[PDB]
Amino acid sequence: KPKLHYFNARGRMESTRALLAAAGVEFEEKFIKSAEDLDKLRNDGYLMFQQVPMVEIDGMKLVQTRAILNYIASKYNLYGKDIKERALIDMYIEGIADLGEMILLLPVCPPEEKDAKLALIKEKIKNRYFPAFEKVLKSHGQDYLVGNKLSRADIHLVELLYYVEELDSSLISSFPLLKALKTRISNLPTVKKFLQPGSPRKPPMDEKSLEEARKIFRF
Amino acid sequence: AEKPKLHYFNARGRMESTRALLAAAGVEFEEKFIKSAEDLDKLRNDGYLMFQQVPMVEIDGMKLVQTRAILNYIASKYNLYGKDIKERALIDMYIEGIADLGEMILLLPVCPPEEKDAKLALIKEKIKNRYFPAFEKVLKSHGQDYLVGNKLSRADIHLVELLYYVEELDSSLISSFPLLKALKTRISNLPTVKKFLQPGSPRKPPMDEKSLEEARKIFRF
Ligand SMILES: CCCCCCSC[C@H](NC(=O)CC[C@H]([NH3+])C(=O)O)C(=O)NCC(=O)O
Ligand SMILES: CCCCCCSC[C@H](NC(=O)CC[C@H]([NH3+])C(=O)O)C(=O)NCC(=O)O
C-alpha cells in the first residue's frame, strides 16, 4: 500500500488521492499535525527538497506533485497508449493545473486582493478554460477527452468541476458537454465510491485548517 | 518532414528551456517571433492556442501549448526521459525542484520594488540551503557523470541551464558545491550543448528592462 505524507486537508495531495481512488488502489495516509511532525521527516532524510507531498510507493520516497501523478498514471494505464496521446493528455492537465492553482491559493491571498482575484478566476473559467475543454469534447463527440477511453485527464477535469461548483454553481451552466462528462465520470463505480461520504475525499479548507497550515508550513 | 516551429517573444521567458532541450538533442527548429499584442491576437483568432497563451510548438502534426507538455514530448522522442517508469520518477522529482527554483528566478523582475530585496535574499537562502545540497547529494550518491541512469538525460540539461542563471545572479553560490561545478563543465563540453553556448545560436540574452516592457505590451500585464 502506498503511504501519503501530508496534513489533513486537500492542498497539493488531493489530486493524488482522487487518482489512486479512480484506479481502484487502496492506500495509507500519515497525517502531519504540527511543525515538529514535518521537521522529523526532514531530519530522517525523507524529503528531497524538505517539502511535502511525499508518497512511499514501490521503494521510492517520491516528492513533487507532478512526479507522483505521472508515476501513478503510467503504472495504472491512465496515461494514454503512446507519446502523442500523453502529449494531448499533458496539454490538457497542465491547463487544469493552472486553474487548479488559482483556486488552491485563493485563501492564502492577501485580504485586500481577495475580491479582484476571485473575479479574475471566474472570467478565466467562463472565457478561457471551459470553452477550451467544451471544444475538445465537441470535436470528437466521444465520452472521454482522449483516445475514446478513460484517462487521468477525465479524472483531473471532473475533480476540478466539483471545486468550481463550490465557487459558483452557475459557471458550468452554458457548457452542456462538460456537464455530461461530470455525470458519466462520477458514475464510474471507483469514482462514485470516492465521492461517497466516509471516503478519503477531503473537504474545502476552512479558516482553522488554514491556520494549522501556517503553523506546520511556517508561512 | 518539418523542423519544429517555436512561437514566443524574442526572450528567454518560458520558451528557453525548450530551446536548450532541442539543441541538446541535436534537433534543428524554426522560430517565429511574436512582436506585438496584435501578433498574439492573430494566433488566438487563427485557433492556434488551446488556452490563448504561448509557448506554442508545432511538432509532428500538433500545436502543443504548455511548457511541460512540449518538454515531456521532446524528451521522450529523443530518448532523454530515462529507460523506464522508475527512472522517469526520479527524473521528474529532480526537474520539478529545478522548475520551482527556475520559477522563482523568472518572476524576480515583476516583483514590487519594495519586496525585490527580500525576495532575492530568499532565493539565495534556498539555493544554498535546500536546492544545491539536494543535487550535490544525488551526484555524490553514485559518483557518476549523470544525474540519472549513468546516461545523459533531460535533468542534466535542465540543471545545467539553471546553473548558468544562478551564476549571472551570483558566482559565489555554486562555489561550495564541487560536484555541481564538475557536472556543469562536463555537460557544457558535450558537442551539442557547446554549440548552443557559442555566439550566434538561438540561445537568448538575460531579460532586460526594455524587454520586460515589450512583454508587458504583448501579454497585457
Ligand atoms: C492554501 C494551501 C497551502 C497549503 C500549504 C502548501 S503545500 C506545503 C509545501 N509544499 C509545497 O509547496 C510543495 C511544492 C512542490 N512544487 C510540489 O508540488 O510538490 C511545503 O512543504 N512548504 C514548506 C516549506 O517550503 O518549507
Ligand atoms: C516576466 C517575464 C516572463 C513572461 C511570462 C509570460 S509567458 C506568456 C504567458 N504564458 C503563460 O504564462 C503560459 C503558462 C503555461 N502554464 C506554460 O507553462 O506554458 C501568456 O501567454 N500570457 C498571456 C495570457 O495569459 O493571457
Side-chain angles (χ1 to χ4, degrees), chain A residues 2 12-25 27 55 57 62 64-101 129-130 132-164 172 175 177-195 201, chain B residues 50-51 60-73 75-77 81 84-85 88-89 92 96:
Chain A
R12 309 188 164 298
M13 192 55 90
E14 196 74 7
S15 57
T16 303
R17 304 189 186 94
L19 185 66
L20 289 165
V25 167
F27 64 77
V55 194
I57 191 173
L62 267 198
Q64 293 280 356
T65 309
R66 283 166 179 99
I68 293 140
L69 301 164
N70 287 357
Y71 180 95
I72 292 162
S74 298
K75 188 161 179 186
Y76 304 95
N77 295 301
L78 296 156
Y79 217 168
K81 71 166 200 15
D82 60 18
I83 62 177
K84 286 173 135 134
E85 286 197 5
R86 179 187 181 132
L88 307 183
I89 282 173
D90 273 340
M91 183 167 46
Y92 305 170
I93 66 194
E94 280 289 304
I96 291 156
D98 262 0
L99 183 58
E101 193 83 357
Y129 295 103
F130 280 7
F133 297 119
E134 190 62 19
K135 146 182 183 176
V136 182
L137 293 167
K138 202 183 154 189
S139 198
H140 55 52
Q142 280 154 358
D143 285 356
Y144 302 99
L145 291 155
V146 175
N148 212 2
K149 150 187 202 286
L150 185 68
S151 85
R152 64 179 297 186
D154 309 302
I155 308 305
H156 306 320
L157 187 58
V158 163
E159 184 189 8
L160 182 77
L161 310 183
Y162 281 89
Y163 308 153
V164 171
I172 201 169
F175 301 101
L177 302 177
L178 271 184
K179 296 163 85 132
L181 182 80
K182 182 177 204 232
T183 298
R184 273 191 313 272
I185 299 304
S186 302
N187 288 303
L188 290 182
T190 56
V191 179
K192 189 174 178 171
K193 171 197 209 25
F194 186 68
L195 293 162
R201 190 161 65 110
Chain B
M50 186 167 170
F51 313 113
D60 290 332
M62 306 179 281
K63 297 181 172 68
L64 291 191
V65 309
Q66 301 278 357
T67 312
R68 297 193 173 71
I70 298 149
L71 295 173
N72 301 346
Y73 189 70
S76 272
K77 199 187 171 84
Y81 213 165
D84 63 23
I85 193 191
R88 198 142 79 242
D92 279 330
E96 287 297 310

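No hydrogens, no waters, no symmetry mates; every other heavy atom, side chains included, goes into these values. The chains referred to below are lettered A, B, ... by the order of the sequence lines, with proteins before strands, and numbering in each begins at 1.
- In this structure, the side chain of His140(A) engages the main chain of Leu145(A) through a donor-acceptor pair within 3.5 Å.
- Under a 4.0 Å N-O distance rule, the pair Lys182(A)/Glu159(A) does not qualify as a salt bridge.
- Atom-to-atom distance recorded for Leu71(B):CG and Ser76(B):OG is 11.0 Å, nearest 0.5 angstrom.
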Please test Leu157(A) against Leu178(A) for side chain to side chain contact (heavy atoms under 4.5 Å, CB included), starting from the C-alpha separation and ending with a verdict.
CA-CA 9 Å; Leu157(A) 187 58; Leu178(A) 271 184; 3.6 Å; yes

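- For the side-chain contact (heavy atoms from CB on, under 4.5 Å) test, residues two or more places apart in sequence or in another chain that qualify with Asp98(A) are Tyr129(A), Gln53(B), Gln66(B).
- A pairwise comparison of heavy atoms in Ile89(A) and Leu78(A) identifies CD1-O, 4.4 Å as the closest pair.
- Atom CG of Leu195(A) and atom OG of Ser186(A) lie 5.0 Å apart (nearest 0.5 Å).
- The nearest pair of heavy atoms linking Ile172(A) to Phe130(A) is CA-CE2, 3.6 Å.
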Using side chain to side chain contact (heavy atoms under 4.5 Å, CB included), reason through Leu64(B) and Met50(B) one step at a time and then give a plain yes or no.
CA-CA 8 Å; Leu64(B) 291 191; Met50(B) 186 167 170; over 6 Å; no

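- Here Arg184(A) does not pair with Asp154(A) in a salt bridge; the nearest charged N to carboxylate O distance is not below 4.0 Å.
- When side chains are defined from C-beta on, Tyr92(A) does not count as touching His156(A), because their heavy atoms never get closer than 4.5 Å.
- Residues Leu99(A) and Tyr163(A) fail the side-chain proximity criterion, which asks for heavy atoms closer than 4.5 Å.
- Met91(A) and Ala69(B) make their closest contact through N-CB, 3.4 Å (heavy atoms, listed as atom of the first residue, atom of the second, distance).
- At a threshold of 4.5 Å between non-hydrogen side-chain atoms, the residues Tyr76(A) and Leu19(A) do not count as touching.
- At a threshold of 4.5 Å between non-hydrogen side-chain atoms, the residues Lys138(A) and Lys135(A) do not count as touching.
- Residues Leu161(A) and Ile185(A) have side chains not in contact (no heavy-atom distance under 4.5 Å, counting atoms from C-beta outward).
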Residues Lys77(B), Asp60(B); criterion side chain to side chain contact (heavy atoms under 4.5 Å, CB included); working and verdict
CA-CA 11 Å; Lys77(B) 199 187 171 84; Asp60(B) 290 332; 2.5 Å; yes

Run the numbers on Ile57(A) and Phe27(A) for side chain to side chain contact (heavy atoms under 4.5 Å, CB included), then give the verdict.
CA-CA 10 Å; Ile57(A) 191 173; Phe27(A) 64 77; over 6 Å; no

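- In terms of heavy atoms, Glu85(A) sits closest to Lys81(A) at OE1-N, 3.0 Å.
- Using a 4.5 Å heavy-atom threshold, the side chains of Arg17(A) and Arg201(A) count as separate.
- By the 4.0 Å N-to-carboxylate-O rule, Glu94(A) lies close enough to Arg66(A) to be salt-bridged with it.
- Checked against side-chain hydrogen bond (donor to acceptor under 3.5 Å, both in side chains), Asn70(A) has the following partners two or more places apart in sequence or in another chain: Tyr79(A), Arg152(A), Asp92(B).
- Closest non-hydrogen pair, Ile93(A) versus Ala153(A), comes out as CG2-CA, 3.8 Å.
- When all heavy atoms of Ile83(A) and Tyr73(B) are compared, the closest pair comes out as O-CD1, 3.5 Å.
- Without hydrogens or angle criteria, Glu134(A) side chain to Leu177(A) main chain gives a donor-acceptor distance under 3.5 Å.
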Report all side-chain donor-acceptor pairs from residues 187-194 of chain A shorter than 3.5 Å, counting only partners two or more places apart or in another chain.
residue: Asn187(A); atom: ND2; partner: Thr183(A); partner atom: O; Å: 2.8
residue: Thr190(A); atom: OG1; partner: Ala22(A); partner atom: O; Å: 2.8

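- Atom OG of residue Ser15(A) and atom CD1 of residue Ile155(A) lie 12.0 Å apart, to the nearest 0.5 angstrom.
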